[PDB]
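J.:
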Ligand SMILES: C#C[C@]1(O)CC[C@H]2[C@@H]3CCC4=Cc5oncc5C[C@]4(C)[C@H]3CC[C@@]21C
Ligand SMILES: C#C[C@]1(O)CC[C@H]2[C@@H]3CCC4=Cc5oncc5C[C@]4(C)[C@H]3CC[C@@]21C
Ligand SMILES: [Ca+2]
Ligand SMILES: [Ca+2]
């Protein structure tokens, strides 16, 4: 069962987590698209100075990140806009964030985060940002005309709230 | 004709460039190694606050960079410590630094540099750093037991000096 990721650029779903209860710090999903550019997911504890975006630009994964330890805009991995399903896994390990595409590690951002446990509320938004696209380090057009399935986000034990699925649209 | 990249951790060669004469901002070489960790090349305009390192860690490319615009430690691309020759190309394009391995773009560090043209002296060191390994953002053991061939560095028109090849050791 798959869902569409995208007129407005609002995300299709938002989840909130209690950071003091996170034990699993990874997320996995599959994505399919013919679209070269857009947001796959966004997360923050504060949209002004502690946020993260995973998207596509020119078909390839791009991460933008802004927190106390790091500020970066990085592209990596193969093009994903070929209309095939691709597995993507994001993992936080130690002080690094890892990106795996189709079971291959394609990017490791080292020394970018202290302990999640140590503002204890994190938001994850699917298919859009929780601020205007002009707030990005490098703007992109957020609407990703793609589909998402088999998605699991961090720790269901730590989840406080999740948006009304009434809005989800099947692919 | 190939040369060894590595007891001391000193680089095997240093070149100096006039930054005001650089037109070609790319470098290409081939590397072969069974070694998972070490420095491939280092460059700077100032070893205290304007420097760059490309190496291997756990077999894969790693870039460490520290300048006015960016400070990062990033891993990307496939393992290269399989004893096969691999082409590596580093390109500066706009404000980004691009890494290509075997003809595939594996990493794009965006918004990390202003114009090279605009201290106008850049050093490139092969197989070692021009400061102690403890100065790195994330230390590694610099000696890379590998071989280097078909290597071209930036713009021969901009090169001011190049170290005595008397020291080079054929593979
Ligand atoms: C706290 C904090 C932060 O400094 C601010 C925003 C956080 C990301 C939000 C989204 C996210 C989702 C996610 O899914 N698997 C692992 C992760 C971890 C990441 C990449 C989080 C890593 C730590 C980040 C950068
Ligand atoms: C100036 C300046 C800097 O901010 C300080 C050190 C510079 C690198 C030195 C080594 C280098 C060699 C090289 O080989 N092809 C392209 C490049 C460009 C790079 C990656 C350079 C990019 C710009 C850098 C980060
Ligand atoms: Ca789009
Ligand atoms: Ca080594």
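Protein chains in written order, with the numbering used here: chain A, 1 to 171; chain B, 1 to 171.
Backbone N, C-alpha and C fix where the C-beta goes; we use that ideal spot for every residue, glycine too.
Less than 8 Å between the beta carbons of residue 26 (chain B) and residue 105 (chain B), yes or no?
T.: no
J.: Residue 123 (chain B) and residue 55 (chain B): beta carbons closer than 8 Å?
T.: The answer is no: Cβ separation not under 8 Å.
J.: Check whether the Cβ of residue 23 (chain A) lies closer than 7 Å to any heavy atom of ligand 1, and answer yes or no.
T.: no
J.: Identify the contact partners of residue 168 (chain A) in chain B, using a Cβ-Cβ distance below 7 Å as the criterion.
T.: Near residue 168 (chain A) there are no residues of chain B at all, since even the closest Cβ is about 32 Å away, more than 7 Å.
J.: Could you spell out where the beta strand (DSSP E) holding residue 87 (chain A) opens and where it closes?
T.: 86-93
J.: Please report whether the beta-carbon of residue 31 (chain A) lies at a distance below 8 Å from any beta-carbon of chain B.
T.: no
J.: Which residues in the same chain have their Cβ closer than 6 Å to the Cβ of residue 221 (chain B), if we skip the five residues on either side of it in sequence?
T.: This structure leaves residue 221 (chain B) out entirely; chain B is present only between 1 and 171.
J.: Thinking C-alpha only, which one of A:34, A:116, A:32 and A:37 is nearest residue 97 (chain A)?
T.: A:116
J.: Compare the C-beta of residue 235 (chain A) against all C-beta atoms of chain B and say whether one is closer than 8 Å.
T.: The question about residue 235 (chain A) has no answer, for chain A in this structure spans 1 to 171.
J.: Write down every uninterrupted run of the alpha helix (DSSP H) in the stretch 113-150 of chain B whose length is 4 residues or greater and which is fully enclosed by it, in chain order.
T.: none
J.: Starting from residue 20 (chain B), trace the beta strand (DSSP E) in both directions and tell me its first and last residue.
T.: Taken as a continuous stretch (DSSP letters only), residue 20 (chain B) belongs to no beta strand (DSSP E), as it is neither H nor E.
J.: Tell me the rounded alpha-carbon separation between residue 53 (chain A) and residue 37 (chain B).
T.: 30 Å
J.: For chain B, is any of its Cβ atoms less than 8 Å away from the one on residue 88 (chain A)?
T.: It does not: the Cβ of residue 88 (chain A) has no partner Cβ on chain B nearer than 8 Å.
J.: Measuring alpha carbon to alpha carbon, tell me which of A:71, A:78 and A:49 ends up nearest residue 112 (chain B).
T.: When only C-alpha atoms are compared, the closest one is A:71.
J.: Considering only C-alpha positions, which residue in the set A:60, A:147, A:66 and A:94 is nearest to residue 127 (chain A)?
T.: A:147
J.: Given that a residue counts as buried once 16 or more other Cβ atoms are within 10 Å of its Cβ, and exposed if not, what is residue 62 (chain B)?
T.: buried
J.: Taking only heavy atoms of ligand 3 into account, decide whether any of them is closer than 7 Å to the Cβ of residue 31 (chain A).
T.: Residue 31 (chain A) Cβ: outside cutoff for every heavy atom of ligand 3.
J.: Compare the C-beta of residue 84 (chain A) with all C-beta atoms of chain C and state if any pair is closer than 8 Å.
T.: The displayed structure is made up of protein chains A and B, and chain C is not among them.
J.: Going straight from the alpha carbon of residue 23 (chain B) to that of residue 164 (chain B), what length do you get?
T.: 25 Å
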